[PDB]
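Reviewing the structure listed below.
Using ideal geometry, Cβ is built from the backbone for each residue, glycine included, and neighbour counts are taken over all protein chains shown. Since every read-out is calculated from the coordinates, none of them should be taken as a lab result.
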Amino acid sequence: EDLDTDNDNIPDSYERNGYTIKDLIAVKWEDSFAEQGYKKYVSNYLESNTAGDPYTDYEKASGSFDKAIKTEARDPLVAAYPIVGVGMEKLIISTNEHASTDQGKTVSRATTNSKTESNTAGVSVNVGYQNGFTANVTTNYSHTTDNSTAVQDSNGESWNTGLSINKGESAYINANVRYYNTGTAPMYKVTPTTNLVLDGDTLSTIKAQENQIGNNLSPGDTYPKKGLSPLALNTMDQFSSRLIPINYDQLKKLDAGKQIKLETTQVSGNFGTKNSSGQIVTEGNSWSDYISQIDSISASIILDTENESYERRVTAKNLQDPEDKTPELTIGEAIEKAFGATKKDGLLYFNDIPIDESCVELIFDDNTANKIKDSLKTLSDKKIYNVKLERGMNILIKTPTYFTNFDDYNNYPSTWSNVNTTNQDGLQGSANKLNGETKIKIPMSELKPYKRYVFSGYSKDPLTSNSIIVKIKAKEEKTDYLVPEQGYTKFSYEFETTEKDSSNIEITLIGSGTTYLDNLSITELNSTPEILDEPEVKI
Amino acid sequence: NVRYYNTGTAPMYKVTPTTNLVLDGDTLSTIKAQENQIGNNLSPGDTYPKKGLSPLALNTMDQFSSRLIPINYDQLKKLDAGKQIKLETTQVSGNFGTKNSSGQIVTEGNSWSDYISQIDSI
Amino acid sequence: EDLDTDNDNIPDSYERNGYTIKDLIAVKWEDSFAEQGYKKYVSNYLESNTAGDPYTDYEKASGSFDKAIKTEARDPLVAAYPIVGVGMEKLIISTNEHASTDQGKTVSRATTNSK
Ligand SMILES: [Ca+2]
Ligand SMILES: [Ca+2]
Ligand SMILES: [Ca+2]
Ligand SMILES: [Ca+2]
């Protein structure tokens, strides 16, 4: 009841059942400590660092480490682990190599990007949600370090008009990039190696030069900072490389809807350890030694939560081994433990955005589905959050930009037709009403120029009534007749937004039958290709 | 475009292999891992780069690169005559990790070269 | 029955007939431990590292080493030993040496291999 078999300053009996740190020390967890500010920690009593990170189960749980680590990384199951990647917000292509100006016809265009698009571009919608596994699967679940730019000047003109490249000459690529960090720890003395890659070929790989090595990268912060003039790609010095050359075919692909997408293969950095008196040393402490150790006993979870990206590592079980004493954890539990989620009514609010299997767009990979699908079989609850976490799982959360639950949350910049009363049957509080025609007019002046979106929601009619006729007109028209069922089911109808601030968007659930709508969401997934032809030659 | 691998049981930290691209019996050129191609991590069962990360360009043709691998017309016909290129890594250079009683893992000075001959001989 | 002639934290009598690690320590192997998750380890009682790898017969058998090593390398007879090799999945041949494009007729072809 007082023995410590791993010398982590925390007794095993506290380590097994749960504990907390009170004023410097481990104290047993009594539920009265909750709703007061203390978190219930529970770790592995046979090992020092339950998660694998450099810090022991006591340093994390108490906070006797760097003060730059996130609050959610104090849990002995969430790993202090930085995820670094490059993003591109300006593209320059010129016809010149050395002293790039004054000798060519340069074109430069400002771009925007997103770190989770390659993950959700391989998402096939497959509108069916059969066995309560109301999730979506992608083909290539990559990571948040795979940023994919999207040029936005690009009105109708191509890259050659004003460039004069015809099948023999090579333009040269210049850009202004801006690193980021979506993990929990900082990376000291960062030196990443990124690859600028077209459809399938590597134009050139950047290794951080002498001047571009940024000494500091705290989680949630970029290099340079939020107001500091992004880095010139090479800067064309004696430490720089030769400007990135591309050929005429790639030069047409860049107008053919194929995107450049930046990928950071490996990053090189350090971490900090105190010295009992506040002396922090960061030399010799490299992350490379812990990256493989951490990722091999963890489950990668990503939250997208538009306007910032988060990625976490949470330790797992490996039930096949008896001597693994890592506490088994549910997916709903690991999400809260990794993202600092609070419980509003037992629903894992992140900051105030609702996060549930019914509220957002979950995305998995094939090996995760081949363990979760055959887990929702022997369960008294069809919840995807009540599945047992195991190493190798990959879970992505796409939160919708526009969501409504008819209870407290409403994100649409307009309103619906009507809700018409105070309903309580939606599997979460209130749902919709108004048998008649229900509409909402989205200006499209707030969506994105050439992206695809998704409309999904939970719909039911308790007693076998009419089929609802949905009508969606953004770039196409949609006319579907879905029959509501006994349990609310996700429908996930797709559309596209093009034409660079086109007229409007029309989503109408015109269907009679006294049906119920709850948790209807709108979320962007892919960037749709747009074709640009430079001149039209007269004959 | 090549893609390292690891089929053993341990990881190799700070990997720097020396491979030989060899025709029927002749060495076109031997690659030693350059400054940028040295991959800090190679866990068993995993490749460098990872399973979705754009394999390495052979030389990348920089100041750290070598001159592009030249071959002759006879080899150029052999490559259509059913004779294969086959990559061979002669020696690899890497490290291993040892704890320090408190979770401190050091991987410097711990080179595998000292244990490769000792292990394979018994 | 309790002596250790190699300072590998595992007594020689356990080292000769078989043993396992239970909660941090060497315990004699009784066949009831099988079909439960424990493996019967048996090593050399005259040497620290029976296999030759950098890790001693106790660090392997218990797991007090890197968490990236395979589960099968905890046996004191299987050696922690990495085998690294290069594989080729794309071949490009061109008629040019420096700034390889724009001056030759390049051909590139995707390849598959096997070790
Ligand atoms: Ca512990
Ligand atoms: Ca303990
Ligand atoms: Ca021994
Ligand atoms: Ca012994």
- Item | 3J(HN,Hα) from dihedral phi, the stretch A:42-53, Karplus parametrisation 6.51/-1.76/1.60, rounded to Hz, x for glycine, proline | 8, 9, 9, 8, 9, 10, 6, 9, 4, 8, x, 4
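Please sort A:222-235, A:252-265 by packing, taking for each peptide the average over its residues of neighbouring beta carbons within 10 angstrom, highest first.
Top of the packing list down: A:252-265, A:222-235.
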- Query: How large is the Kirkwood hydrodynamic radius of the stretch B:15-122, in angstrom, based on all distinct alpha carbon pairs?
  - Reply: 16.8
- Starting from the Cα of A:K67, draw a straight line to each of the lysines and keep only those under 16 Å, dropping any in the same chain fewer than 8 residues away. A:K274
- Nearest-0.05 FRET efficiency for B:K50 and C:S114 at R0 = 22 Å, using Cβ-Cβ distance, is 0.60
- Query: Considering only the protein assembly as shown, what is the antiparallel percent among its DSSP beta bridges, to the nearest 5?
  - Reply: 95
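In the stretch B:1-103, which chymotrypsin sites (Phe, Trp or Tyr not before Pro) fall in coil by DSSP and have 14 or fewer other Cβ atoms within 10 Å? Walk me through the numbers before you get to the answer.
Values: sites: B:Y4, B:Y5, B:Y13, B:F64, B:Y73, B:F96; in loops: B:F64, B:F96.
Of the chymotrypsin sites (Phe, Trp or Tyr not before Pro), the ones in loops of the stretch B:1-103 whose Cβ has at most 14 other Cβ atoms within 10 Å are B:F64.
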- Task: Could you go through the stretch A:275-283 in sequence order and give the Karplus-derived ³J(HN,Hα) for each residue, using 6.51 cos²θ - 1.76 cosθ + 1.60 with θ = phi - 60°, rounded to whole Hz, and x for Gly and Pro?
- Result: 9, 6, 9, x, 6, 10, 10, 10, 9
- Query: What is the set of long-range amide H partners of A:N394 at a cut-off below 5 Å, with H atoms built 1.01 Å from backbone N?
  - Reply: A:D365, A:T368
- Task: Pairs of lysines 8 or more apart, or on different chains, with alpha carbons under 24 Å: count those in the stretch A:406-479, would you?
- Result: 29
- Query: Per-residue mean of other chain beta-carbon atoms within 10 angstrom of the beta-carbon, peptide A:199-209?
  - Reply: 3
- Item | Filtered trypsin sites (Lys or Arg not before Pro), the stretch C:13-78: DSSP coil and at most 14 other beta carbons within 10 Å | C:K40
- Taking a straight Cα-to-Cα line shorter than 18 Å from A:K22, and setting aside same-chain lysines fewer than 8 residues away, one finds A:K39, A:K40, A:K60
- Backbone HN-Hα couplings from phi across the stretch A:118-130 [Karplus 6.51/-1.76/1.60, Hz, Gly and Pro as x]: 4, 5, 9, 7, x, 8, 8, 5, 6, 3, x, 10, 8
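Multiply the residue gap between A:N318 and A:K471 by 0.36 nm, knock off their C-alpha separation, and tell me the result in nm, one decimal place.
50.3 nm
Indicate the gyration tensor shape class of the stretch A:108-220 (rounded, prolate or oblate), computed on the Cα atoms with a ≥ b ≥ c the square roots of the eigenvalues: a/c under 1.5 is rounded; otherwise a/b larger than b/c is prolate and the rest oblate. Numbers along the way, then the final one.
On the way: a/c = 2.39, a/b = 1.19, b/c = 2.01.
Since a/c reaches 1.5 but b/c is at least a/b, the shape of the stretch A:108-220 is classed as oblate.
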- Item | Amide H contacts under 5 Å for B:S29, placed H, 5+ residues apart | B:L21
- Determine the calculated [θ] at 222 nm for the protein assembly as shown from helices alone, applying -39500 (n - 2.57) to every DSSP H run no shorter than 4 residues and normalising by the residue count; nearest 500 deg cm²/dmol. -2000 deg cm²/dmol
- Base-10 log of normalised Debye intensity for the stretch A:102-149 (one unit scatterer per alpha-carbon) at q = 0.13, 0.25 Å⁻¹: -0.50, -0.92
- Between rounded, prolate and oblate, where does the protein assembly as shown land on the alpha carbon gyration tensor, with a ≥ b ≥ c its root eigenvalues, rounded for a/c under 1.5, else prolate if a/b exceeds b/c? oblate
- Task: Loop only per DSSP, at most 10 neighbouring Cβ atoms within 10 Å: give me the trypsin sites (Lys or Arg not before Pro) in the stretch A:448-539, ordered by residue number.
- Result: A:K538
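State whether the stretch A:331-466 is rounded, prolate or oblate according to the following rule on the C-alpha gyration tensor (a ≥ b ≥ c being the square roots of its eigenvalues): a/c under 1.5 gives rounded; otherwise a/b larger than b/c gives prolate, and the remaining case gives oblate.
On the way: a/c = 1.79, a/b = 1.46, b/c = 1.23.
It comes out prolate by the Cα gyration axes.
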